[PDB]
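Content type mmCIF, C-alpha atoms and all ligand atoms, from the file input27.cif:
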data_work
#
loop_
_atom_site.group_PDB
_atom_site.id
_atom_site.type_symbol
_atom_site.label_atom_id
_atom_site.label_comp_id
_atom_site.auth_asym_id
_atom_site.auth_seq_id
_atom_site.Cartn_x
_atom_site.Cartn_y
_atom_site.Cartn_z
ATOM 1 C CA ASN A 701 -3.091 31.353 -24.860
ATOM 2 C CA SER A 702 -0.049 30.746 -27.059
ATOM 3 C CA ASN A 703 -0.712 30.736 -30.872
ATOM 4 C CA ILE A 704 1.645 27.794 -31.536
ATOM 5 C CA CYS A 705 1.536 24.081 -30.414
ATOM 6 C CA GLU A 706 3.689 23.567 -27.310
ATOM 7 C CA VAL A 707 5.011 20.271 -28.714
ATOM 8 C CA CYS A 708 5.817 20.905 -32.468
ATOM 9 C CA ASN A 709 5.872 24.726 -32.390
ATOM 10 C CA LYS A 710 3.567 25.116 -35.418
ATOM 11 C CA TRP A 711 0.239 26.869 -35.794
ATOM 12 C CA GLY A 712 -2.869 25.106 -36.918
ATOM 13 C CA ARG A 713 -6.047 23.713 -35.272
ATOM 14 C CA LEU A 714 -5.051 24.333 -31.615
ATOM 15 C CA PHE A 715 -6.843 23.408 -28.354
ATOM 16 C CA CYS A 716 -6.159 25.781 -25.554
ATOM 17 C CA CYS A 717 -5.505 24.880 -21.922
ATOM 18 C CA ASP A 718 -7.956 26.532 -19.463
ATOM 19 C CA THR A 719 -5.506 26.705 -16.593
ATOM 20 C CA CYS A 720 -2.337 27.743 -18.349
ATOM 21 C CA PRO A 721 -1.456 29.575 -21.559
ATOM 22 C CA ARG A 722 -0.275 26.521 -23.514
ATOM 23 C CA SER A 723 -1.916 25.242 -26.656
ATOM 24 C CA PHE A 724 -1.857 21.898 -28.580
ATOM 25 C CA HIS A 725 -2.589 20.100 -31.719
ATOM 26 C CA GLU A 726 -5.075 17.317 -30.950
ATOM 27 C CA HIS A 727 -2.592 14.429 -31.498
ATOM 28 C CA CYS A 728 0.454 16.360 -30.245
ATOM 29 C CA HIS A 729 -1.002 16.353 -26.699
ATOM 30 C CA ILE A 730 -0.697 13.035 -24.898
ATOM 31 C CA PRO A 731 -3.212 11.730 -24.225
ATOM 32 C CA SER A 732 -4.944 13.148 -27.450
ATOM 33 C CA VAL A 733 -6.967 16.254 -26.503
ATOM 34 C CA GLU A 734 -10.232 15.031 -24.948
ATOM 35 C CA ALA A 735 -13.559 15.504 -26.986
ATOM 36 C CA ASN A 736 -15.542 17.520 -24.464
ATOM 37 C CA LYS A 737 -14.363 18.672 -20.960
ATOM 38 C CA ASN A 738 -14.961 22.365 -20.259
ATOM 39 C CA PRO A 739 -12.822 23.500 -18.621
ATOM 40 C CA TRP A 740 -9.883 21.387 -19.978
ATOM 41 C CA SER A 741 -6.520 21.215 -18.301
ATOM 42 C CA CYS A 742 -3.352 20.092 -20.278
ATOM 43 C CA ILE A 743 -0.910 17.399 -19.074
ATOM 44 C CA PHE A 744 1.476 20.091 -17.747
ATOM 45 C CA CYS A 745 -1.274 21.317 -15.472
ATOM 46 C CA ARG A 746 -2.353 17.793 -14.401
ATOM 47 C CA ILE A 747 1.245 16.970 -13.439
ATOM 48 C CA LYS A 748 1.632 20.240 -11.457
ATOM 49 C CA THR A 749 -1.605 19.303 -9.578
ATOM 50 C CA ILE A 750 -0.173 15.905 -8.465
ATOM 51 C CA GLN A 751 2.861 17.689 -7.096
ATOM 52 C CA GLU A 752 0.755 20.331 -5.318
ATOM 53 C CA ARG A 753 -1.526 17.737 -3.716
ATOM 54 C CA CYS A 754 1.499 15.735 -2.467
ATOM 55 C CA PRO A 755 4.514 18.002 -1.983
ATOM 56 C CA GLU A 756 6.546 15.092 -0.574
ATOM 57 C CA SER A 757 6.281 13.448 -4.017
ATOM 58 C CA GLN A 758 9.249 15.709 -4.931
ATOM 59 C CA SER A 759 11.610 14.183 -2.427
ATOM 60 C CA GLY A 760 14.336 12.012 -3.988
ATOM 61 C CA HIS A 761 13.591 8.480 -5.089
ATOM 62 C CA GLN A 762 15.667 5.532 -6.193
ATOM 63 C CA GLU A 763 15.299 4.560 -9.881
ATOM 64 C CA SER A 764 14.895 0.926 -8.946
ATOM 65 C CA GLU A 765 11.859 1.713 -6.821
ATOM 66 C CA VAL A 766 10.346 3.934 -9.509
ATOM 67 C CA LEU A 767 10.729 1.251 -12.208
ATOM 68 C CA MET A 768 8.859 -1.336 -10.144
ATOM 69 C CA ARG A 769 5.827 0.835 -9.660
ATOM 70 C CA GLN A 770 2.587 -0.405 -11.108
ATOM 71 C CA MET A 771 0.996 1.709 -13.816
ATOM 72 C CA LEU A 772 -1.807 3.221 -11.727
ATOM 73 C CA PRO A 773 -3.351 6.462 -13.047
ATOM 74 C CA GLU A 774 -0.686 8.827 -11.653
ATOM 75 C CA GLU A 775 2.193 6.733 -13.084
ATOM 76 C CA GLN A 776 0.377 6.370 -16.421
ATOM 77 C CA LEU A 777 0.148 10.157 -16.543
ATOM 78 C CA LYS A 778 3.782 10.680 -15.615
ATOM 79 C CA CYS A 779 4.871 8.309 -18.442
ATOM 80 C CA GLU A 780 2.578 10.100 -20.916
ATOM 81 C CA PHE A 781 4.152 13.441 -19.892
ATOM 82 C CA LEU A 782 7.710 12.027 -20.171
ATOM 83 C CA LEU A 783 6.879 10.745 -23.691
ATOM 84 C CA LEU A 784 5.478 14.175 -24.585
ATOM 85 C CA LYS A 785 8.649 15.887 -23.353
ATOM 86 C CA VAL A 786 10.652 13.762 -25.851
ATOM 87 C CA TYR A 787 8.311 14.733 -28.707
ATOM 88 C CA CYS A 788 8.841 18.375 -27.689
ATOM 89 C CA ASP A 789 12.388 18.127 -29.079
ATOM 90 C CA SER A 790 12.581 18.498 -32.797
ATOM 91 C CA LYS A 791 15.172 15.713 -33.038
ATOM 92 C CA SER A 792 12.417 13.269 -32.032
ATOM 93 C CA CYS A 793 11.412 13.134 -35.634
ATOM 94 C CA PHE A 794 14.180 10.584 -36.288
ATOM 95 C CA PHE A 795 12.702 8.203 -33.687
ATOM 96 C CA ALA A 796 8.947 8.779 -34.217
ATOM 97 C CA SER A 797 7.989 6.384 -36.943
ATOM 98 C CA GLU A 798 8.876 2.802 -37.799
ATOM 99 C CA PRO A 799 12.539 2.499 -38.822
ATOM 100 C CA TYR A 800 14.159 0.260 -41.430
ATOM 101 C CA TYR A 801 17.699 -1.010 -41.594
ATOM 102 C CA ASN A 802 19.814 -1.451 -44.775
ATOM 103 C CA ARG A 803 23.351 -0.201 -44.254
ATOM 104 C CA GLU A 804 26.544 -1.883 -45.433
ATOM 105 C CA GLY A 805 28.355 -3.351 -42.469
ATOM 106 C CA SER A 806 25.438 -3.251 -39.993
ATOM 107 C CA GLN A 807 22.593 -5.516 -39.155
ATOM 108 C CA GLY A 808 19.232 -4.187 -37.836
ATOM 109 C CA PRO A 809 18.171 -4.649 -34.270
ATOM 110 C CA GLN A 810 16.437 -7.760 -33.014
ATOM 111 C CA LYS A 811 13.668 -5.693 -31.431
ATOM 112 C CA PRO A 812 12.905 -2.471 -33.312
ATOM 113 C CA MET A 813 11.247 0.326 -31.346
ATOM 114 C CA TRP A 814 9.958 3.778 -32.022
ATOM 115 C CA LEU A 815 8.080 6.619 -30.323
ATOM 116 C CA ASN A 816 4.707 6.129 -32.032
ATOM 117 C CA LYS A 817 4.811 2.443 -31.004
ATOM 118 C CA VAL A 818 5.375 3.513 -27.349
ATOM 119 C CA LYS A 819 2.586 6.054 -27.698
ATOM 120 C CA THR A 820 0.162 3.309 -28.943
ATOM 121 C CA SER A 821 1.288 1.003 -26.173
ATOM 122 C CA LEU A 822 0.545 3.620 -23.528
ATOM 123 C CA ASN A 823 -2.836 4.409 -25.093
ATOM 124 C CA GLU A 824 -3.743 0.686 -25.138
ATOM 125 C CA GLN A 825 -2.617 0.227 -21.419
ATOM 126 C CA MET A 826 -0.007 -2.385 -22.440
ATOM 127 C CA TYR A 827 2.473 -1.491 -19.754
ATOM 128 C CA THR A 828 1.814 -2.867 -16.258
ATOM 129 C CA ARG A 829 4.888 -1.235 -14.595
ATOM 130 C CA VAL A 830 6.923 1.926 -15.227
ATOM 131 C CA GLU A 831 9.814 -0.374 -16.083
ATOM 132 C CA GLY A 832 8.058 -1.540 -19.332
ATOM 133 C CA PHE A 833 7.743 2.002 -20.609
ATOM 134 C CA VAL A 834 11.285 2.989 -19.614
ATOM 135 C CA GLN A 835 12.838 -0.146 -21.159
ATOM 136 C CA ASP A 836 11.115 0.510 -24.540
ATOM 137 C CA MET A 837 12.194 4.181 -24.472
ATOM 138 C CA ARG A 838 15.843 3.279 -23.709
ATOM 139 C CA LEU A 839 15.711 0.562 -26.408
ATOM 140 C CA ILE A 840 14.991 3.217 -29.055
ATOM 141 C CA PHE A 841 18.311 4.928 -28.388
ATOM 142 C CA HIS A 842 20.322 1.771 -27.757
ATOM 143 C CA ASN A 843 19.195 0.298 -31.139
ATOM 144 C CA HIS A 844 20.224 3.513 -32.862
ATOM 145 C CA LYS A 845 23.696 3.579 -31.296
ATOM 146 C CA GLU A 846 24.381 0.002 -32.129
ATOM 147 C CA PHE A 847 23.187 0.221 -35.771
ATOM 148 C CA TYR A 848 24.950 3.517 -36.708
ATOM 149 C CA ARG A 849 28.303 2.411 -35.208
ATOM 150 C CA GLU A 850 30.893 5.084 -35.982
ATOM 151 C CA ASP A 851 28.706 7.186 -38.236
ATOM 152 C CA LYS A 852 28.366 10.650 -36.675
ATOM 153 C CA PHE A 853 24.571 10.148 -36.928
ATOM 154 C CA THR A 854 24.895 8.050 -33.761
ATOM 155 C CA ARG A 855 24.974 11.371 -31.909
ATOM 156 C CA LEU A 856 21.285 11.960 -32.546
ATOM 157 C CA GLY A 857 20.546 8.942 -30.288
ATOM 158 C CA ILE A 858 22.777 10.356 -27.538
ATOM 159 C CA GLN A 859 21.106 13.704 -27.780
ATOM 160 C CA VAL A 860 17.510 12.530 -27.611
ATOM 161 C CA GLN A 861 18.383 9.977 -24.878
ATOM 162 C CA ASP A 862 19.797 12.841 -22.828
ATOM 163 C CA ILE A 863 16.453 14.687 -23.125
ATOM 164 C CA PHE A 864 14.617 11.499 -22.057
ATOM 165 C CA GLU A 865 16.925 10.882 -19.056
ATOM 166 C CA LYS A 866 16.859 14.515 -17.742
ATOM 167 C CA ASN A 867 13.085 14.531 -17.950
ATOM 168 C CA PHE A 868 12.810 11.052 -16.338
ATOM 169 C CA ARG A 869 14.858 12.286 -13.380
ATOM 170 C CA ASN A 870 12.689 15.445 -13.099
ATOM 171 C CA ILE A 871 9.238 13.912 -13.488
ATOM 172 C CA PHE A 872 9.867 10.913 -11.225
ATOM 173 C CA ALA A 873 11.945 12.988 -8.729
ATOM 174 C CA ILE A 874 14.984 10.770 -8.919
ATOM 175 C CA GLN A 875 17.505 11.475 -6.078
ATOM 176 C CA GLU A 876 20.216 13.773 -7.308
ATOM 177 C CA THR A 877 23.729 12.276 -7.390
ATOM 178 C CA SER A 878 27.290 13.128 -8.486
HETATM 179 ZN ZN ZN B 1 1.726 20.190 -32.615
HETATM 180 ZN ZN ZN B 2 -2.144 23.750 -18.939
HETATM 181 ZN ZN ZN B 3 0.996 13.977 0.320
#
Show me this structure written as structure tokens.
Ligand SMILES: [Zn+2]
Ligand SMILES: [Zn+2]
Ligand SMILES: [Zn+2]
Amino acid sequence: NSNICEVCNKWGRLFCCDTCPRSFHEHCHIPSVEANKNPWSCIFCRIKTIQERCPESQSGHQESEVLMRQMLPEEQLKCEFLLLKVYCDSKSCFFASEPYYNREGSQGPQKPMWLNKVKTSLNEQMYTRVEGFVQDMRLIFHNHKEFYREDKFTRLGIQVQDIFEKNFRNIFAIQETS
């Protein structure tokens, strides 16, 4: 196994996947690394299994169909994995915890949102469709762009949104387009 967390790239108290060489901090894995379970398989492995069991699941899909899907176990897992892929980028730190807004010339958003809030919502089964999860994730970046206006810091929102969107298209097998 690797000697650093796959998500935050630090050492520490690491749980090792039994079916691949990745390792995780307890609360870096999503869902949080399960108490017992020997062997244990990480989210990367669980997602690869879904694909292997249903190879046609990789054929292209329309985003509008994906969004309307109910949050059954396989969709719950895919959203957990997509969230984890955002945390894998170090620039996620800016979006992880609850923000506050006091900048001359800007007003805070009407509906603040942040990654740990999405993580709690997923854990608590608060989303009934994929659309709920995707709308909260896109709201993070939209709030940031609107609040930071012409400050160059706006680019952090564009960057982390790009990581979200690329991974969304990969995980949910969105039909490739020009
Ligand atoms: Zn970690
Ligand atoms: Zn694994
Ligand atoms: Zn199949």
Explicit residue set for the PyMOL selection byres (((chain A and resi 808) around 12) and not hetatm), as an MDAnalysis selection string: chainID A and resid 799:807 809:813 842:849
Mind dumping a table of every chain A residue within 6 Å of ligand ZN 2 (chain B), with the nearest atom pair and its distance in Å to one decimal, using all atoms listed in the file, sorted by chain and rising number, as a tab-separated table?
residue	atom	partner	partner_atom	distance
A:717	CA	B:ZN2	ZN	4.6
A:719	CA	B:ZN2	ZN	5.1
A:720	CA	B:ZN2	ZN	4.0
A:722	CA	B:ZN2	ZN	5.7
A:741	CA	B:ZN2	ZN	5.1
A:742	CA	B:ZN2	ZN	4.1
A:744	CA	B:ZN2	ZN	5.3
A:745	CA	B:ZN2	ZN	4.3
Residue selection dump (C-alpha atoms) as an mmCIF file, in the coordinates of the input:
data_model
loop_
_atom_site.group_PDB
_atom_site.id
_atom_site.type_symbol
_atom_site.label_atom_id
_atom_site.label_comp_id
_atom_site.auth_asym_id
_atom_site.auth_seq_id
_atom_site.Cartn_x
_atom_site.Cartn_y
_atom_site.Cartn_z
ATOM 1 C CA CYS A 717 -5.505 24.880 -21.922
ATOM 2 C CA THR A 719 -5.506 26.705 -16.593
ATOM 3 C CA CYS A 720 -2.337 27.743 -18.349
ATOM 4 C CA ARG A 722 -0.275 26.521 -23.514
ATOM 5 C CA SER A 741 -6.520 21.215 -18.301
ATOM 6 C CA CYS A 742 -3.352 20.092 -20.278
ATOM 7 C CA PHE A 744 1.476 20.091 -17.747
ATOM 8 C CA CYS A 745 -1.274 21.317 -15.472
#
Could I get the residues of chain A with an atom no further than 12 Å from an atom of ligand ZN 1 (chain B), each paired with its nearest atom pair and that distance in Å to one decimal, using only C-alpha atoms and all ligand atoms, sorted by chain and residue number, as JSON lines?
{"residue": "A:703", "atom": "CA", "partner": "B:ZN1", "partner_atom": "ZN", "distance": 11.0}
{"residue": "A:704", "atom": "CA", "partner": "B:ZN1", "partner_atom": "ZN", "distance": 7.7}
{"residue": "A:705", "atom": "CA", "partner": "B:ZN1", "partner_atom": "ZN", "distance": 4.5}
{"residue": "A:706", "atom": "CA", "partner": "B:ZN1", "partner_atom": "ZN", "distance": 6.6}
{"residue": "A:707", "atom": "CA", "partner": "B:ZN1", "partner_atom": "ZN", "distance": 5.1}
{"residue": "A:708", "atom": "CA", "partner": "B:ZN1", "partner_atom": "ZN", "distance": 4.2}
{"residue": "A:709", "atom": "CA", "partner": "B:ZN1", "partner_atom": "ZN", "distance": 6.1}
{"residue": "A:710", "atom": "CA", "partner": "B:ZN1", "partner_atom": "ZN", "distance": 6.0}
{"residue": "A:711", "atom": "CA", "partner": "B:ZN1", "partner_atom": "ZN", "distance": 7.5}
{"residue": "A:712", "atom": "CA", "partner": "B:ZN1", "partner_atom": "ZN", "distance": 8.0}
{"residue": "A:713", "atom": "CA", "partner": "B:ZN1", "partner_atom": "ZN", "distance": 8.9}
{"residue": "A:714", "atom": "CA", "partner": "B:ZN1", "partner_atom": "ZN", "distance": 8.0}
{"residue": "A:715", "atom": "CA", "partner": "B:ZN1", "partner_atom": "ZN", "distance": 10.1}
{"residue": "A:716", "atom": "CA", "partner": "B:ZN1", "partner_atom": "ZN", "distance": 12.0}
{"residue": "A:722", "atom": "CA", "partner": "B:ZN1", "partner_atom": "ZN", "distance": 11.3}
{"residue": "A:723", "atom": "CA", "partner": "B:ZN1", "partner_atom": "ZN", "distance": 8.6}
{"residue": "A:724", "atom": "CA", "partner": "B:ZN1", "partner_atom": "ZN", "distance": 5.7}
{"residue": "A:725", "atom": "CA", "partner": "B:ZN1", "partner_atom": "ZN", "distance": 4.4}
{"residue": "A:726", "atom": "CA", "partner": "B:ZN1", "partner_atom": "ZN", "distance": 7.6}
{"residue": "A:727", "atom": "CA", "partner": "B:ZN1", "partner_atom": "ZN", "distance": 7.3}
{"residue": "A:728", "atom": "CA", "partner": "B:ZN1", "partner_atom": "ZN", "distance": 4.7}
{"residue": "A:729", "atom": "CA", "partner": "B:ZN1", "partner_atom": "ZN", "distance": 7.6}
{"residue": "A:730", "atom": "CA", "partner": "B:ZN1", "partner_atom": "ZN", "distance": 10.8}
{"residue": "A:732", "atom": "CA", "partner": "B:ZN1", "partner_atom": "ZN", "distance": 11.0}
{"residue": "A:733", "atom": "CA", "partner": "B:ZN1", "partner_atom": "ZN", "distance": 11.3}
{"residue": "A:784", "atom": "CA", "partner": "B:ZN1", "partner_atom": "ZN", "distance": 10.7}
{"residue": "A:787", "atom": "CA", "partner": "B:ZN1", "partner_atom": "ZN", "distance": 9.4}
{"residue": "A:788", "atom": "CA", "partner": "B:ZN1", "partner_atom": "ZN", "distance": 8.8}
{"residue": "A:789", "atom": "CA", "partner": "B:ZN1", "partner_atom": "ZN", "distance": 11.4}
{"residue": "A:790", "atom": "CA", "partner": "B:ZN1", "partner_atom": "ZN", "distance": 11.0}
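The residues that lie within 10 Å of the point (8.6, 12.7, -19.9), counting all atoms listed in the file, are residues 777, 778, 779, 780, 781, 782, 783, 784, 785, 786, 787, 788, 863, 864, 865, 866, 867, 868, 869, 870, 871 and 872 of chain A.
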message: Let me see if you get this right: every residue at most 6 Å from ligand ZN 3 (chain B), counting all atoms listed in the file, written as a VMD selection string.
response: chain A and resid 754 to 756
Across A:702, A:792, A:762, A:877, the smallest distance to residue 856 of chain A, with only C-alpha atoms counted, is shown by A:792
Around (3.7, -2.6, -20.6) in the file's frame, which residues reach within 12 Å when counting only C-alpha atoms? Return as a VMD selection string? chain A and resid 767 to 772 776 779 817 to 837
Which residues would end up in the selection if the PyMOL selection byres (((chain A and resi 761) around 7) and not hetatm) were applied here, given that I need the answer as a compact mmCIF listing (two decimals) with C-alpha atoms, in the coordinates of the input?
# COMPACT_ATOMS: atom_id res chain seq x y z
CA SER A 759 11.61 14.18 -2.43
CA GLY A 760 14.34 12.01 -3.99
CA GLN A 762 15.67 5.53 -6.19
CA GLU A 763 15.30 4.56 -9.88
CA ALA A 873 11.94 12.99 -8.73
CA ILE A 874 14.98 10.77 -8.92
CA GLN A 875 17.50 11.48 -6.08
| field | Å distance separating atom CA of residue 721 of chain A from atom CA of residue 739 of chain A, one decimal place | value |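 Atom-to-atom, atom CA of residue 721 of chain A to atom CA of residue 739 of chain A, that is 13.2 Å.
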Of A:757, A:816, A:701, A:751, the one sitting nearest residue 793 of chain A when using all atoms listed in the file is A:816
Using Å and a single decimal, report how far atom CA of residue 731 of chain A sits from atom CA of residue 747 of chain A.
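Atom-to-atom, atom CA of residue 747 of chain A and atom CA of residue 731 of chain A are spaced 12.8 Å apart.
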One decimal place gives the atom CA of residue 795 of chain A-atom CA of residue 815 of chain A separation as 5.9 Å
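Of the listed residues A:750, A:839, A:735, A:743, the one whose atoms come nearest to residue 861 of chain A is A:839, with distances taken using all atoms listed in the file.
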Output as AutoDock Vina command-line options the centre and edge lengths (Å, one decimal) of the box along x, y and z of the file that holds every listed atom of segment 818-827 of chain A after adding 3 Å on each side.
--center_x 0.8 --center_y 1.8 --center_z -24.3 --size_x 15.1 --size_y 14.4 --size_z 15.2
Because the input lacks atoms here, generate N, CA, C and O atoms for segment 709-732 of chain A and report them as a JSON list (two decimals), in the frame of the given file.
[["chain", "number", "residue", "atom", "x", "y", "z"],
["A", 709, "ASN", "N", 5.58, 23.32, -32.17],
["A", 709, "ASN", "CA", 5.87, 24.73, -32.39],
["A", 709, "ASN", "C", 5.30, 25.28, -33.68],
["A", 709, "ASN", "O", 5.88, 26.32, -34.16],
["A", 710, "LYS", "N", 4.27, 24.65, -34.22],
["A", 710, "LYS", "CA", 3.57, 25.12, -35.42],
["A", 710, "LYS", "C", 2.18, 25.61, -35.01],
["A", 710, "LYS", "O", 1.60, 25.23, -33.96],
["A", 711, "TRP", "N", 1.61, 26.46, -35.88],
["A", 711, "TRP", "CA", 0.24, 26.87, -35.79],
["A", 711, "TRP", "C", -0.59, 25.80, -36.40],
["A", 711, "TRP", "O", -0.10, 24.72, -36.85],
["A", 712, "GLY", "N", -1.92, 25.97, -36.28],
["A", 712, "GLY", "CA", -2.87, 25.11, -36.92],
["A", 712, "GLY", "C", -4.15, 25.11, -36.09],
["A", 712, "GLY", "O", -4.48, 26.14, -35.47],
["A", 713, "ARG", "N", -4.85, 24.00, -36.11],
["A", 713, "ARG", "CA", -6.05, 23.71, -35.27],
["A", 713, "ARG", "C", -5.59, 23.38, -33.84],
["A", 713, "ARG", "O", -5.05, 22.30, -33.59],
["A", 714, "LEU", "N", -5.66, 24.37, -32.97],
["A", 714, "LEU", "CA", -5.05, 24.33, -31.62],
["A", 714, "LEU", "C", -6.19, 24.29, -30.58],
["A", 714, "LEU", "O", -7.18, 25.01, -30.73],
["A", 715, "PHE", "N", -6.02, 23.45, -29.57],
["A", 715, "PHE", "CA", -6.84, 23.41, -28.35],
["A", 715, "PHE", "C", -6.11, 24.08, -27.20],
["A", 715, "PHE", "O", -4.91, 23.87, -26.95],
["A", 716, "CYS", "N", -6.77, 24.94, -26.49],
["A", 716, "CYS", "CA", -6.16, 25.78, -25.55],
["A", 716, "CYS", "C", -6.38, 25.26, -24.14],
["A", 716, "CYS", "O", -7.49, 24.91, -23.82],
["A", 717, "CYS", "N", -5.33, 25.31, -23.32],
["A", 717, "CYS", "CA", -5.50, 24.88, -21.92],
["A", 717, "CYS", "C", -6.31, 25.98, -21.18],
["A", 717, "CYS", "O", -6.01, 27.18, -21.32],
["A", 718, "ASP", "N", -7.22, 25.55, -20.30],
["A", 718, "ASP", "CA", -7.96, 26.53, -19.46],
["A", 718, "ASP", "C", -7.21, 27.05, -18.25],
["A", 718, "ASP", "O", -7.51, 28.13, -17.75],
["A", 719, "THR", "N", -6.19, 26.34, -17.79],
["A", 719, "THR", "CA", -5.51, 26.70, -16.59],
["A", 719, "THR", "C", -4.13, 27.16, -16.78],
["A", 719, "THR", "O", -3.47, 27.43, -15.81],
["A", 720, "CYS", "N", -3.64, 27.18, -18.02],
["A", 720, "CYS", "CA", -2.34, 27.74, -18.35],
["A", 720, "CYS", "C", -2.41, 28.23, -19.80],
["A", 720, "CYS", "O", -3.35, 27.93, -20.46],
["A", 721, "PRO", "N", -1.40, 29.00, -20.22],
["A", 721, "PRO", "CA", -1.46, 29.58, -21.56],
["A", 721, "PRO", "C", -0.98, 28.66, -22.69],
["A", 721, "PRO", "O", -0.87, 29.12, -23.82],
["A", 722, "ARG", "N", -0.74, 27.39, -22.42],
["A", 722, "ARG", "CA", -0.28, 26.52, -23.51],
["A", 722, "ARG", "C", -1.36, 26.09, -24.44],
["A", 722, "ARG", "O", -2.54, 26.01, -24.10],
["A", 723, "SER", "N", -1.00, 25.78, -25.67],
["A", 723, "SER", "CA", -1.92, 25.24, -26.66],
["A", 723, "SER", "C", -1.36, 24.00, -27.37],
["A", 723, "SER", "O", -0.12, 23.94, -27.45],
["A", 724, "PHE", "N", -2.21, 23.20, -27.98],
["A", 724, "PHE", "CA", -1.86, 21.90, -28.58],
["A", 724, "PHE", "C", -2.59, 21.49, -29.79],
["A", 724, "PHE", "O", -3.85, 21.57, -29.84],
["A", 725, "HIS", "N", -1.89, 20.91, -30.78],
["A", 725, "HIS", "CA", -2.59, 20.10, -31.72],
["A", 725, "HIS", "C", -3.22, 18.94, -30.97],
["A", 725, "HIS", "O", -2.64, 18.41, -30.00],
["A", 726, "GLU", "N", -4.38, 18.49, -31.47],
["A", 726, "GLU", "CA", -5.08, 17.32, -30.95],
["A", 726, "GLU", "C", -4.19, 16.11, -30.65],
["A", 726, "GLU", "O", -4.21, 15.71, -29.49],
["A", 727, "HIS", "N", -3.44, 15.63, -31.63],
["A", 727, "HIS", "CA", -2.59, 14.43, -31.50],
["A", 727, "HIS", "C", -1.14, 14.77, -31.09],
["A", 727, "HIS", "O", -0.35, 13.84, -30.93],
["A", 728, "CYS", "N", -0.83, 16.01, -30.87],
["A", 728, "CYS", "CA", 0.45, 16.36, -30.24],
["A", 728, "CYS", "C", 0.36, 16.20, -28.70],
["A", 728, "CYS", "O", 1.31, 15.75, -28.03],
["A", 729, "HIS", "N", -0.76, 16.62, -28.11],
["A", 729, "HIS", "CA", -1.00, 16.35, -26.70],
["A", 729, "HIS", "C", -1.06, 14.85, -26.54],
["A", 729, "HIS", "O", -1.46, 14.05, -27.37],
["A", 730, "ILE", "N", -0.59, 14.43, -25.31],
["A", 730, "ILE", "CA", -0.70, 13.04, -24.90],
["A", 730, "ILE", "C", -1.31, 13.05, -23.41],
["A", 730, "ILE", "O", -0.78, 13.78, -22.61],
["A", 731, "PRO", "N", -2.37, 12.32, -23.21],
["A", 731, "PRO", "CA", -3.21, 11.73, -24.22],
["A", 731, "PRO", "C", -3.84, 12.72, -25.27],
["A", 731, "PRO", "O", -3.81, 13.86, -25.00],
["A", 732, "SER", "N", -4.31, 12.23, -26.43],
["A", 732, "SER", "CA", -4.94, 13.15, -27.45],
["A", 732, "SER", "C", -6.02, 14.00, -26.80],
["A", 732, "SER", "O", -6.73, 13.50, -25.92]]
